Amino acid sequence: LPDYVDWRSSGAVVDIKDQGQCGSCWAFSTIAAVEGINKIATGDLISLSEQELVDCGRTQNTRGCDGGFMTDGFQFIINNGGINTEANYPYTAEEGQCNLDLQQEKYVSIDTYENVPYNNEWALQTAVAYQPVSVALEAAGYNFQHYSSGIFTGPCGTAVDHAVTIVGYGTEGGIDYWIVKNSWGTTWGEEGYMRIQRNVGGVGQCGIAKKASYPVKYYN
């Protein structure tokens, strides 16, 4: 595998977004991953709609601003035959009625999705070398919340409570890291991103390797 991966450097990452006062990180994670594979497969970077998932992708498990799961995110887009753009179906940071007109408007599609084998950073690195990957981690602690620079090494629990997107990895000063795109806007972390420790084993740093998944497009 490559020593350094950064999907931003090849235009596969949309500018940092902000979920605001809404537990919709799951939708931002879904979208950033879908945005990335679309660029990789088609050559075009298009910003896509979180609100569509919040309004239209509710399940027994996935509940708009009350949290949810990226797998339901990917599933909705598969079942719907695609997703509308950010500009056409804009983010409001609150639960709205599903706009069926805008739901019929499809600019990006996916064929399938896959789960990364759990607790396997090597398999996670393998998937990240190919595309951005949706992950959940333990982001509730003081240190994670106040992170502004460097490689985050904890402390953090391992309970997945917040979804983000891995957009790369590297090493600096002998410390391996994942590059994480968060949805707390640009004033958090390293302009909205975090470098977080990689190759610690087990569930990964803050449980990052516990529930990794990514969308699939058959043709490049």
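Numbering starts at 1 and runs along the sequence shown.
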55 to 63 versus 38 to 46: which one carries the higher mean Cα B factor per the record?
-> 55 to 63
Out of 90 to 98 and 109 to 117, which stretch has the higher average CA B-factor listed in the record?
-> 90 to 98
Compared with the other modelled residues in the chain, in which third is the CA B-factor of residue 21?
-> middle
Where the record places residue 178 (Cα B-factor, split into thirds across the chain) = lowest
With respect to C-alpha B-factor, does residue 151 fall in the lowest, middle or highest third of the chain as deposited?
-> middle
Where does residue 145 sit by CA temperature factor within its chain: lowest, middle or highest third?
-> middle
Taking the entry's C-alpha B-factors for this chain, is residue 214 in the lowest, middle or highest third?
-> lowest
